[PDB]
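For reference, the structure discussed in these notes is given below.
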Amino acid sequence: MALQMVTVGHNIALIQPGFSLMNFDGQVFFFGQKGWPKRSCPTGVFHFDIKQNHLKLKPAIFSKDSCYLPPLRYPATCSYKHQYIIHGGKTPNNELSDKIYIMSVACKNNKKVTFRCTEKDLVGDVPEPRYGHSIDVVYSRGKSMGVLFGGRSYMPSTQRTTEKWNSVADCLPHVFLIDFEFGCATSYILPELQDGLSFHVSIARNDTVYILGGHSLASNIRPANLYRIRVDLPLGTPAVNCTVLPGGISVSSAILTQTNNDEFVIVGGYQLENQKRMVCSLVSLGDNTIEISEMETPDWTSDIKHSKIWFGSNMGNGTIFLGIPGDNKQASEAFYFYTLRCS
Amino acid sequence: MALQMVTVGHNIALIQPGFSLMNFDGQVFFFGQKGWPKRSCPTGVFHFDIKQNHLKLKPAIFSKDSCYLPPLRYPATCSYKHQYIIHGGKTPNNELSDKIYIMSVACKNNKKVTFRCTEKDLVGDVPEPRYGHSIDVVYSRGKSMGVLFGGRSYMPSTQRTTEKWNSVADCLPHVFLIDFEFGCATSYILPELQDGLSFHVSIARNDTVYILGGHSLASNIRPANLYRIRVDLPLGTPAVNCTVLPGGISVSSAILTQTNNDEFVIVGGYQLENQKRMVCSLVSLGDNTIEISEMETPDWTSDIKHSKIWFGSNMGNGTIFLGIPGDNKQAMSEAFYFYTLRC
Amino acid sequence: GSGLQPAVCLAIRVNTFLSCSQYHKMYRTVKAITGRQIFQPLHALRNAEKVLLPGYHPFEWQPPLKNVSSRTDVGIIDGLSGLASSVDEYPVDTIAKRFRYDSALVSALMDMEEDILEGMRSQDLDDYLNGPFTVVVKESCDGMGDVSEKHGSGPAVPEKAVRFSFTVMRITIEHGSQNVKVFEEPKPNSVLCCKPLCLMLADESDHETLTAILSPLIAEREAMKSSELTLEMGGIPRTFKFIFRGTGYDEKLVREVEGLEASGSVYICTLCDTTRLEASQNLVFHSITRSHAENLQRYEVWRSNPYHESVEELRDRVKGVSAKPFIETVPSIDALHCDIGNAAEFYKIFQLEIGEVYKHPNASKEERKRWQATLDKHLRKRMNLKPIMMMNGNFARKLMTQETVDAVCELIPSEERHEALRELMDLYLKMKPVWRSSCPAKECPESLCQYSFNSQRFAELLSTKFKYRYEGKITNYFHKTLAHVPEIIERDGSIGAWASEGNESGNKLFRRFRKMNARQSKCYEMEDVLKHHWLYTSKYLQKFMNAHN
Amino acid sequence: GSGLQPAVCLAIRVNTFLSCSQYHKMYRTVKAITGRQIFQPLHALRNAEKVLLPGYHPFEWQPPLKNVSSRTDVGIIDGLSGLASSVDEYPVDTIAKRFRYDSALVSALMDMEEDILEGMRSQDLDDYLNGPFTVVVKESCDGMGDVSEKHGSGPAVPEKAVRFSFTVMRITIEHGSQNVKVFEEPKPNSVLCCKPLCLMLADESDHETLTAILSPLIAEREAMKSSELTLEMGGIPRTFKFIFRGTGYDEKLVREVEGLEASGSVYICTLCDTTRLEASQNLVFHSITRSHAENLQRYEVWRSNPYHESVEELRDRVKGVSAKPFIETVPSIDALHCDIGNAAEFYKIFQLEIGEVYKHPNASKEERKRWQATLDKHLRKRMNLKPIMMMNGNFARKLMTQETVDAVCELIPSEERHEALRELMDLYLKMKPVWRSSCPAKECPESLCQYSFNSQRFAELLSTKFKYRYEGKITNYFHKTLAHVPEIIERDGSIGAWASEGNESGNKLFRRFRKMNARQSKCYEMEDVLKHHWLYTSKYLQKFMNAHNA
DNA sequence: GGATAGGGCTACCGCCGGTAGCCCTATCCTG
DNA sequence: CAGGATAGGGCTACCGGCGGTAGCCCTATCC
DNA sequence: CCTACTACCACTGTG
DNA sequence: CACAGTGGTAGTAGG
DNA sequence: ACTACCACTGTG
DNA sequence: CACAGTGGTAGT
Ligand SMILES: [Zn+2]
Ligand SMILES: [Zn+2]
């Protein structure tokens, strides 16, 4: 339940906010590098070598039959089965990606890695090009199905305008449903999900994925709240039901984290634009239950409290890699990073 | 017969053009800095050693009765019978010293040095503050007797104005035959010496000196002229005579080493204001004459042949110091390129 | 009568770099002495400015502009363009005040309209013609440094700016059999034709913020390509039609936006997709097959990876494009940076020849930094040229001089290398007037038509005498000069004009304004710097300045 | 006809920063637009300024000018002052340009003659008075750097520039044992009053080019210190005298020129002969003894050690000097760099308090750097102070305030340090406008009266609450600030009107003119700039921009 | 030998501190 | 053995100078 | 003989 | 082979 | 049609 | 109170 000052010798100017952190077999993988594939890493993925609490970043490679992907910042990421899903991402050409990226680990041979970042085709009511949100599969009756709580994105070109070309308007409030033996997806205008939220930290479960917090720009609000999602997924899927719940804590864009159980910890996003969420609240879910156990905020030092921003994600197991702006003589350090070991 | 690119760890830009070396008691000694005695070396002098081409300037502590003379550029320096006489020189504030400086030694134990330095009171008819010249010594009756002659100088106060505050009047060529250690001074204007010069290389051989080279700004020329200034002190009075030699050499600001007894290799200078003297000139100070045989030139570096400035003085063991500047990448990064000449 | 007109004192304000606080100083002293009403006061020429800056002269499109607003009351817009600088999103720390490419472009048009019609009546040609003014334009984005705002209002911008600055260069009309040059800009590299559009506060290296700010502009542009700005100026509708030949992007940023690997790669060209070694060997025959449409398709295959290949196989199969092309550039180069790089390489070559490195192929970095400060010292005393942290243009053209070759050969006993450098620099100075010129065929056509064999003999020399360099290597710019030059000339029509020689010539004024002639503000210093720089760049004002005759 | 007087212009050029060729653009344009020659052509401005420059208004010296030529048309002396260029002689890579001191004075006076007359009139004094004045002029020798290296016709000057600059603070006269000062400067540190004298592209790091080039200044200056001018203003020969309180030099350059030990030494003050540890225990009950002639006799003894001492105890006898002071400078300070040094020390102090170093004086180095980094980030957050490299005056004055110390106290993990920083900052604030003000007699007299106990509590907060960072390691400017301000303001009137603030701002103009208002030709730059940064700072022109409204 | 640091090129358009000097303070010799 | 030296922290002054990003590509080390 | 219009000089920022 | 300055002097148009 | 804030400057 | 600016509205 405490942290450490992870440091980066080189490639430090690669950890841009919104960067995912893939967790393959414990081995962790940076994703969402700054510019684009740089021939030091012609893919974007970065083998994330934490040693002696120092951080280094080896490159990483993709299979021949993979689709080299753009480094996505604030994408809709997941972790299920070794096999990821990555939607949106806000390509560093500031374009949102309708493309879904299924990142696996192909052949961890000779103490290295290589992935199969396959794309996918989405028949039916495709989900808009989005970002901020988090896709997550529902392990229900052993049938693959994925929930995509629409995050924030740009309007359809039938409505967009250059004066505010980057006007990001929270996507339509849904829980888009996407297959993974087909790649074809569906969705439903829920009578219950009537708030266009983005940057939630969707904690996963068999079916009761719980949509903790977020920041719905629809009124520039941080609705501390939740939402229930009951994927009825027979071979013929009928319409899901929702059951809103209380307990949701106010987080704008926080970091999920599992602990090899249903005891996920949710470490700080933002309770306020300029007053970030210095508190690390928890959860402990079951079949159709959820709580929040406010944990003692790891007593850090003068710096991170007064940073006004941070950014990161789960190192994967029970720990969170996130960083704060550290502009001193950069014109030097580009950031000041921090990992959080829980328990 | 050797050259090399001596190097410098600390205090590089302290070796300023127009300084004075001092091959003293077999130990060489820089003297005449850039700014002023810097309290890292408040002494004024520096301990010039060199091995494996990395110049060492070990600040040479002065002594109890050591009058701290200032840093003198282009002064008059004659290695007297393990002593010196340091006259004139342009103080680092750009004023001239009316004072000879007997730079004796006090102690040397443990490769250390003390430099008993005593100002000596010039008495009666005395020479004015000047510089660029070189005093020397003679032994008429086996008696150290000086010869200070030539030497640029700022015009006399009454005739000197502020528009031309930095004019340099080659002083009346008036051989100053100081009789020191019981008196100081005895001057004598010479009939054969009408146009005053400076940067004149003179030699302290027995019973006579042999002037050589220099610049008489009165003509802005480098007159090819020599002068046998003999001394003959009867029991009561001094005496002097001058006799030009046919075959003098036309250079100003040349450097006087020996490479062995009764023989001096006057290395370079400034043959023509823009065409630095790229040759040496060996001399043999016979019992009544001299023969300036041009020793084979050490073919210079690719730079001394294609720069415009350099300087130095006698490091004793037939060795000579030099410096050719370097442009402003940076201006003080390199500040020079020094060079030793064992010849 | 009774003194001046407002716009006139506006010209006498901006086209002489008078700060509109110092303008008032001059005005109030005038009142103290003149008494008369000259130099129409600040608010007068301010409501004049609002005329020249975009969003005053109205306009329209016959194919309606898609993804764009149909409003002509919008000048200085927030480049962030709705990219909320919140914590949830990317921390866009960019003071971005940008014009709109549609409105700004038409503002320049109606700003130059008197010149337009001046030329229109010329050529013994009509003035009534409303046909499609198939204008030809460039788009020059320079990324700069040492632009330090040191007490902002919270936005932690980088100490590095980038000013996407367009420029209109020629206007033509489908008059039957030909397209006349209505206003063939005399100095398309002159800053008074460097139309600023978007003065982001961001790194040339940054690639998200940069694109967050230039995705709106290129959306505007890709929609303009399709449309025709049917305005009405001179009381007449002069149907405009567009093509945005963006070339003024410095090669670094060129490779960036199109997505290519940064310079220094084994794939050095924004054109012909050739390798570094195929450039060192062939060195004269490379065909343009590397465009932005081809580049978008090429990144699309570098991702789709449909044949399922590995990294290097794809970099070879895409021929270098790793990222996704952003700007629909038209493949070309910047004579400016071409000269800067070629002269940096010649400077390396000169110091080396002082190191006789043609004989001794390899050497220590100290001996490189030596017998090279001698190059500096010698170009100091003999020639009048100094050491500079980074190369520049005055220094180049003062170095691209056979006199420079004499200067460097003054310290090289090797006569064969003397003649080597002589031929080298003479052949390069027969090349440079073919791209470094605003219009060579009209200016130096003989060198231009000899250029093919010029490049031939130059490559042959590179092989022969300068192989300690260029052994399986070459600069991006030595390839863009020894090839793609005639192709660019014939396809575009010139280089020295479309080149970025002016945008960088406008960064000087950008800094001059940010420091002197625009508010030392927090976030709207770019608002008034853009204003000011448009005003300097207003033909409607320059005409008042060439008025002497 | 609306043709201005040519000298009415030359004040709409060198006061709107225009450039000659740019003003000729304006001229051509307005002219061929309205037809009328409203402004006056470039050559008109040239022929006009030829009188505002030095060497146009003759004069004489009841005591003669020693070591000076009586000529009175010395436009722009090569700052080299006829210094030798023979490579045989020292290589002087400094393209210099000097107005002749005692010819620049007369130009400012014949230009301020308007103002002297207006003042003696508004003071009821006879405007036709031939009386012996006494002028107090402030020399501000700055050591600016990082200017440029223009591709030169041979010379290779360091990319730096000294800038000697005489600012004529006041013009006085003892009217019947009463000294009705005639010229109370309205803005002593003004961009418009620091009249540029010499612009060498030397560097204050040097003492050879600087001195080879300024010894002329100091020679004619030690002459003027003992001689009386007489300028023909309004026909009357006003017979001025000078006193030359030239004490705007920064501590680096005043240490160089006066040949002191150094800036950072066990010897701390260029005004008192006291060490650093002594000045880190008392801090309040100092004196002022380091007079320039004292330093000269001190260098005499140092160069002779008449009692024949060794290095260290000699340096304790001379108490500070090693070199020869070549200038004249009454012991005083530079309010500008005083504020700057105190503010840099305070930024360090905030690093410390952030690092709790009031308890842990052995904390690491990268932790010092991370405190600096978070503090830069905070003052960019709260006070909006983006990170600078060393320090500056806009940032110092944004910093040395009860708001910054609060937004920083919140970071300190100790309310004791909260209140200690509060007291320190607010006391230094109570005592800063003392010398930062152009005068305390009217802007903070209570500050002076209380200054004894004020600096006393300052020192005694540094002692106990700041045993760290001040166990010996007291700055130079804390010593000055604390136990020299009263001595100075008493002996010297004020301070803020004697520091080189206006000079360090005129460096900006030096850049702007060496960039826009001069011939870009190494041999000429200083000529045109010196001339133009003068016309800028010539009241005959400002009156045409201030007498309008005023 | 298959990963992992350094030093040159290649295009950019200086940025992490540049130091100038002066204490102490931390190591480095004669084995 | 013990001053003595040499150089680095760090004390000021301070108003920056020998190099640096940002890539890249072709060298070089450890089990 | 005087005023006003260009013609230069090498070099400047911006690169 | 940009371009728009950069000011002093120079050199020469209209009286 | 004039100044007055007004956050901020670049010299430092 | 460095300070003479920097547009720009505000107001008047
Ligand atoms: Zn190509
Ligand atoms: Zn003192």
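To match Swiss-Prot, the residue numbers of chain D are left as they are there, and the shown ones run 459-1008.
Quick reminder: no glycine exception, Cβ is built from N, Cα and C everywhere.
Neighbours of D:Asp708 (divalent metal cation binding site), defined as other CB atoms within 10 A of its CB across all chains, total 25. Under the three-state DSSP scheme, D:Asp708 (divalent metal cation binding site) falls in the coil class. Summarising the annotation, Swiss-Prot assigns divalent metal cation binding site to D:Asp600, D:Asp708, D:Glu962 and lists a curator's inference as the type of evidence.
According to its DSSP assignment, D:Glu962 (divalent metal cation binding site) is helical. For D:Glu962 (divalent metal cation binding site), the same-chain residues 6+ apart in sequence whose C-beta sits under 8 angstroms from its C-beta are D:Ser598, D:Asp600, D:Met602, D:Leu794, D:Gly851. Counting every protein chain shown, 25 other Cβ atoms lie within 10 Å of the Cβ of D:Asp600 (divalent metal cation binding site). The divalent metal cation site is set by D:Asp600, D:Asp708, D:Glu962; from the centre of their CB atoms, other residues of the chain with a CB within 8 Å are D:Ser598, D:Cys599, D:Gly601, D:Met602, D:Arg621, D:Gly706, D:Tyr707, D:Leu711, D:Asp792, D:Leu794, D:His795, D:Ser958, D:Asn961, D:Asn965.
DSSP gives D:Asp600 (divalent metal cation binding site) a strand state.
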